[PDB]
């Protein structure tokens, strides 16, 4: 693991500043976010300055998806067995309540729970909400 680069970010910043919220933002986001951890996905999103209303629309979708995820994935009984990693909650997938090595484990466990791909799908559904409002 290497945290995303200022180089990739600059690109996403240039994308959002020019194209606002045209359909083109979505395929771009997907390209720049290849293999991202949740932490990296949030660093990309945090780089957006302004567009507060649209950023809140994204957050609402992320919160809704995360709660759906919890609903469909009941917590297993603790205590967790030695060696085993706990199952991710919605907030873990979105990066608020998890660490980076946890994200890495899930992504690299057997098989993977690909918490980056999951969170990215939620983000994408939020970007679709924004694109349909603005364009």
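Numbering follows the first chain given and starts at 1.
- A summary of the deposited B-factors shows that, of 97-105 and 22-30, the stretch with the larger mean C-alpha value is 97-105.
- Mean CA temperature factor is higher for 106-114 when stretches 71-79 and 106-114 are set side by side in the entry.
- Ranking 56, 84, 63, 39 by the C-alpha B-factor listed in the PDB entry places 84 at the top.
- Per the deposited record, the Cα B-factor of residue 128 falls in the lowest third when ranked against the other modelled residues of its chain.
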